[PDB]
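1. Experimental coordinates for this protein are included below, preceded by the sequence.
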There are 18 protein chains.
Amino acid sequence: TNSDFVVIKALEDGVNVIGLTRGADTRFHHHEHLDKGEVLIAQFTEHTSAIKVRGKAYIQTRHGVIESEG
Amino acid sequence: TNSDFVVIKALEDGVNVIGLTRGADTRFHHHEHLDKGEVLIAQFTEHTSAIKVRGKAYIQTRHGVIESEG
Amino acid sequence: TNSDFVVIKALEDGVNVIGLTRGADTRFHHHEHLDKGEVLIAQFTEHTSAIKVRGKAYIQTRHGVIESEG
Amino acid sequence: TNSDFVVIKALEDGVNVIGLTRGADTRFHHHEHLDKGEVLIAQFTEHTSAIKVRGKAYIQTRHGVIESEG
Amino acid sequence: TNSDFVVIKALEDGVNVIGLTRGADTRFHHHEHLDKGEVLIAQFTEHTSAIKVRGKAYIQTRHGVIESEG
Amino acid sequence: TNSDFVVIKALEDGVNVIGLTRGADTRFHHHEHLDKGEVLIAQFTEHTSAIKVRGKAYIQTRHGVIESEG
Amino acid sequence: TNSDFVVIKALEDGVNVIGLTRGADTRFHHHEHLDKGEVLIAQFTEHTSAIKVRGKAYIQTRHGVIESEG
Amino acid sequence: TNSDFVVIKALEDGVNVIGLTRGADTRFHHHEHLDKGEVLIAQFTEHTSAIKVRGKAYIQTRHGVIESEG
Amino acid sequence: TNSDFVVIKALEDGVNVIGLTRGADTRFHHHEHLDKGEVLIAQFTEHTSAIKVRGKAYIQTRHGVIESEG
Amino acid sequence: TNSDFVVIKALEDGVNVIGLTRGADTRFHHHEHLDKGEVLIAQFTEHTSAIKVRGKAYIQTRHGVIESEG
Amino acid sequence: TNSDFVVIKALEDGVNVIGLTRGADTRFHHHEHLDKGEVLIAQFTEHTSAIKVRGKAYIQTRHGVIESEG
Amino acid sequence: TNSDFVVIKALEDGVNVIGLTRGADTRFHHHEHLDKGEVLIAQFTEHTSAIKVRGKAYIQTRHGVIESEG
Amino acid sequence: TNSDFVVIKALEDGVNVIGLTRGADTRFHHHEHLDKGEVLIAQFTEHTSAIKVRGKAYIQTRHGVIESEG
Amino acid sequence: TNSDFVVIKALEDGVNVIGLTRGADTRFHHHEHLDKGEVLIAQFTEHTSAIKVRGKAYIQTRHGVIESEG
Amino acid sequence: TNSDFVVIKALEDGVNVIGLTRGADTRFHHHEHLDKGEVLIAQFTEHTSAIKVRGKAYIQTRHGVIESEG
Amino acid sequence: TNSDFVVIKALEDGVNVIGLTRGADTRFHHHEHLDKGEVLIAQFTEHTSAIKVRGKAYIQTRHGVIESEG
Amino acid sequence: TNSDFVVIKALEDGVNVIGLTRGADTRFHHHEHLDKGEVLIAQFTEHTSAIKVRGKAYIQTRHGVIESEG
Amino acid sequence: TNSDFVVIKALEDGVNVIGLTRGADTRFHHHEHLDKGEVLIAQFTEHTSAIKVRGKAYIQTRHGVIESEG
Ligand SMILES: [Co+2]
Ligand SMILES: [Co+2]
Ligand SMILES: [Co+2]
Ligand SMILES: [Co+2]
Ligand SMILES: [Co+2]
Ligand SMILES: [Co+2]
Ligand SMILES: [Co+2]
Ligand SMILES: [Co+2]
């Protein structure tokens, strides 16, 4: 519900990061734009239950590294 | 009950991710569509107890890495 | 009581995952069908205390990997 | 009192798994039949404090792997 | 008080497992007989504080493996 | 107070295990006899704060293995 | 205050183990004599805060092993 | 419900006689050990509805004689 | 209604004895498993009105001796 | 009214035992199916006054032995 | 008034068994059809005081065996 | 008063069976006609104390067999 | 419940006859010692349900004569 | 509990017949002396549950005849 | 308590028949003198529980015939 | 009534020491078994008034030494 | 009740001194183990009324000196 | 109870004198150390009922002189 975070680095211009709400319904809550080279450190909270990443990006989580190729 | 997440990367167009209800009866509660190259970080919550994945995909959990080919 | 999950991947058509009821008496309360290639991440909850797996399947738990040949 | 599970795989037909009752009085409260190849993941709860396994079987616990030759 | 367990496998016929009472008074509270090849997984409970094993047996605990030759 | 245990195996006939009371006063409250080959798994409780072992025995604790020659 | 213990083995006759009182004023609370070969497993409690060991003895703690030669 | 009895003679060492309780649930109630040569005359009562005999024994009932070869 | 018994001796491993309910509707109420060579003396009670026997077995009643081969 | 029983042994697959209701009106209230070799011990009760047997069967009553060829 | 039964076996097709009512007024209250080879065990109750059998049949009672040639 | 019965088989056409009233007054209360070959099983009741049989018939009672040649 | 007796004749010095308690729990209730030649006629009572005989002895019951060779 | 008797004949001078009480405790109630040739017919009562016979005597019970040699 | 009797015939002059008191206390309650040839049919009653016979006499009981030679 | 003791030493296997109760009725209260070589120091109490010794034994009292030969 | 004592000296390893309960019921209430050479001066108390000595030992009482050889 | 004393003289360095508590529960109460040559005159009281002496010592009581060698 908290206390865990992800690290996303943008590898190209125009990377989109979307947060899905917490509750009975699942609706979009917010989105963020990242330009090439930017780093975002995001946390799981009371209003966020899922994080969706579009665009070429490098992601670090507790389970290791992954690369999105959108 | 809460505070654990899975990482799903879509390896093909049209991958389905389904969340099942938490309660006495089990029913489909929400689903998400993923495009090729896209990444979702999903958490276990107060309305979701099980997660099904349809389509070719790459999954990371606390127990390791698996690949689905449905 | 909660907060622990298993990962099941179906290696054949028609794999059955049965949940057993939590309480004084024990009975089947839910069946799940998996087709060849699908992956299910299932959690221990307030209504489930045991899980039975019939069919050829690949299972990951905190204690390691096992293969069912039912 | 809770939150610990065992993994039992039946290596031959007709394996019996018996659960003992929690309290001042200890009585047999349920048993399960396993056919050759099936897998059961079972949890310690408020009504089960001990588990007995009869028949040839393969068991995984937090302390390692054991085999019953019954 | 609870939430720990031992694994006992009987290496000969007629193995006795005795549970001693928890409290100011210390007395035999229950015992179990194990046939050859059987495996018992036993948990420390609110009514059990000590466990005595008579007969030839193989025991797994968090501190390692031991062999009783009673 | 609880949630910790020792494993004692008797290497000779007539091993004595003595449990000391918990509180302002410290007096013997119980003892147990062990024959050659027997194994006792004993827990720390609300009425026991110290344990004494007389006789040739082999002991397993969280800090390792020790042997008493008494 | 609890949940931590020391293991003392007497290597000579007449080993003294002294407990100091828990509170604002510090004084002797109890002591124990150990004969050659005996093993004592002692726990920290609500009435004991420090432990003194006089005589030749072998001590195991969470931080390692030490030998007293007084 | 009463007024009828069985006679069991032990033909070998270690014969077990088990009594099952009377009521809606059927749980074990008591067991007895017989050494080679002993005779037990047991009655049906308010807390006993079935009797189970393990081991080589010679049994006399109103319907005649039988021999268990366990 | 009460006070009559049957004697069943198992002539093979895995013999099932089933007791049916006493009431308006008839349902399975309990079952027992018997090993090769064991004898059960069962009584008619306030919750049991009929008894079914599956497996090779030898039966004694007031009316004589019969053999089942199911 | 009660306290008397019949013994039926099935000599062919699919033997039917029908119970007739006790009271002013008479109707079928229970069917029982027996496979070849099974034995049923059935008692006259507060809801059963007559018993119909269809199929090849061997029947024992207080008056002797009969064989049905239905 | 109760607790006595007759055994009727139908030796040819179309055997009729009629029960007469108990009380000051005697009237036909039920009848049964039996096909060749069928067996019926019937009891005397609070609504049946006499039984009439038409057709070729074989009857067993406490007084012996009789045959109806109807 | 009750709970005894006679068996009458008609050896010729038109056999009359008459039941006489129980009490201070004695009178015909009911009669039955039997065709050739028929069998009637009749019970002594609260309204019947004596039975008269006219016509050729074969009678079985607890005291033996008799033949009426009326 | 009551009203049935056994006859025990001691064929050697020091024969033990043990009576077990009637109720929910079973324990020793009394015992008797018999010298060579003595005869005891013992009745089933409201505080006794089972009887053990240790030693060489000759026993008479309603079901016949048996000998204990303890 | 009542209404059953034994017959004892004295075959030697000085035969002793001892009666034990009926209740929670088994305490001697009375004894009787018999000279050579005497016959005693003794019944089971509300204050008597067991009978011991010392000396050379001849005993008749419902189960047959025995001879005490003491 | 009642409904059983003995038959005593006096084979010599002066035969004594003594009745002992029924209750917690036992004492002589009555006696009868029989001359040679006389016959007495005596019953067990509410005030009598044991009977002694002194003198040469012939006795008939439910268990057979005996001869007293006092 | 109090404060006096006897000393009993067993000179043979199986010596019996019986204590008689203090009151209007002098009856057995307890017995004790002594093996060869044991010594029992027994006092006179409020529930004890007499002591019987059976078997070969050596007794010391205030009045001197005696030897029981039984 | 008090004011008297015994003196026991242990002449061998492992001498047992057992105290029996004072009252209507008699049971083991405490025991002491003596190593070779030790001396125990024991007193009769309000809770102790008899004392047993097992093992080789030397005993002094008001009546003199005795030697136990258990 | 009181008013009796024992004289102990230490014949070697380090002699231990242990006093045992008076009451239903028996447990160590106090100990005393004696060096070579020292003398202790100890009494019996309401908190002491038994006394143990470890080490080489010379003891005087009302019953005489004894020596401990421990
Ligand atoms: Co935008
Ligand atoms: Co969709
Ligand atoms: Co047991
Ligand atoms: Co089953
Ligand atoms: Co005894
Ligand atoms: Co007179
Ligand atoms: Co002990
Ligand atoms: Co000190």
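-> That came through, no problem. Numbers count the residues shown, from 1 in each chain, chains lettered A, B, ... in the order given. Ligands and ions are numbered 1, 2, ... in the order given.

2. before we move on, what SS does the residue in chain A that chain F sits nearest to have?
-> Using CB to the nearest CB, the closest approach of chain A to chain F is made by residue A:3 at 24.7 Å. Heads up, the C-betas are built off the backbone N, CA and C, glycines and all. Under DSSP: H, G, I helix; E, B strand; the rest coil, residue A:3 falls in the coil class.

3. For the residue of chain A found nearest chain N, list the residues it contacts.
-> Nearest residue of chain A to chain N: residue A:1, at 63.2 Å (CB to the nearest CB). Going by CB atoms under 8 Å, 6 or more residues apart in numbering or on different chains, residue A:1 touches A:44, A:46, B:2-3, B:45.

4. ok, now with 6 Å
-> Residue A:1 is in contact with B:2-3, counting by CB atoms under 6 Å, 6 or more residues apart in numbering or on different chains.

5. in terms of contact, does residue A:17 touch residue A:32 like I think?
-> Yes - applying CB atoms under 6 Å, one finds residue A:17 in contact with residue A:32, separated by 4.6 Å.

6. Residue B:29 versus the residue in chain A that chain I sits nearest to, what's the distance?
-> Here chain A gets closest to chain I at one residue, residue A:24, 39.5 Å apart by CB to the nearest CB. Distance, residue A:24 to residue B:29, by CB to CB, to the nearest Å: 9 Å.

7. So these two - more neighbours on which side?
-> residue B:29 (18 against 9; other CB atoms under 10 Å in any protein chain shown).

8. That one: which element?
-> According to DSSP states H and E, residue B:29 maps onto strand B:28-34.

9. What is the burial count for the closest residue to the residue of chain A closest to chain F other than its chain neighbours?
-> Once flanking residues are discounted, residue A:3 sits nearest to residue B:3: 7.0 Å by CB to CB, 6 or more residues apart in numbering or on different chains. Residues lying near residue B:3 (other CB under 10 Å) number 13.

10. Three-state assignment for the residue of chain A closest to chain I, please.
-> coil.

11. Would you mind pulling the contact partners of stretch A:38-58?
-> Stretch A:38-58 has contacts (CB under 6 Å, 6+ apart) with A:4-12, A:15-20, A:22, A:67-70, B:39-43, B:45.

12. In ChimeraX, how would I select the buried members of these?
-> Selection command for ChimeraX covering only the buried members of the contacts of stretch A:38-58, criterion 16 or more other CB atoms under 10 Å in any protein chain shown:
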select /A:6,8,10,11,15,17,19,20,22,68,70 /B:39,40,41,42,43,45
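
13. Show me the contacts of stretch A:38-58 that map onto strands.
-> Among the contacts of stretch A:38-58, the residues falling in strands (DSSP state E) are A:5-10, A:15-20, A:67-69, B:39-43.

14. Mind telling me what element residue A:37 is part of?
-> Using DSSP H and E, residue A:37 falls outside every helix and strand.

15. And residue A:59, by the same measure?
-> Using DSSP H and E, the element containing residue A:59 is strand A:56-61.

16. Please compute how far that strand lies from its chain's middle.
-> Relative to its chain's centre, strand A:56-61 lies at 9 Å (CA atoms, centre = their mean, to the nearest Å).

17. where's the residue of chain A found nearest chain R relative to residue A:43, distance?
-> Using CB to the nearest CB, the closest approach of chain A to chain R is made by residue A:3 at 50.5 Å. Here residue A:3 is placed at a distance of 8 Å from residue A:43 (CB to CB).

18. so who does residue A:22 touch?
-> Contacts for residue A:22 (CB under 6 Å, 6+ apart) come out as A:47, A:49.

19. measure it to residue A:2 for me?
-> In terms of CB to CB, residue A:22 sits 11 Å off from residue A:2.

20. Kindly tell me how buried the closest residue to the residue of chain A closest to chain I other than its chain neighbours is, as a neighbour count.
-> Nearest non-adjacent residue to residue A:24, counting by CB to CB, 6+ apart: residue B:47, 5.9 Å away. Each residue near residue B:47 was counted by other CB under 10 Å, and the total is 18.

21. picking that back up, residues contacting the strand holding residue B:29, please?
-> With CB under 6 Å, 6+ apart, strand B:28-34 has contacts from A:26, B:10, B:15-19, B:21.

22. So residue A:47, which state does it fall into?
-> When classified by three-state DSSP, residue A:47 comes out as coil.

23. Look up phi and psi at it.
-> Phi and psi for residue A:47, reported as degrees, to the nearest 10, are phi -110, psi 10.

24. Can you give me the distance of it to residue A:54?
-> As judged by CB to CB, residue A:47 and residue A:54 stand 20 Å apart.

25. Which residue does chain A have closest to chain C?
-> For chain A, CB to the nearest CB, closest residue to chain C: residue A:1, 11.4 Å.
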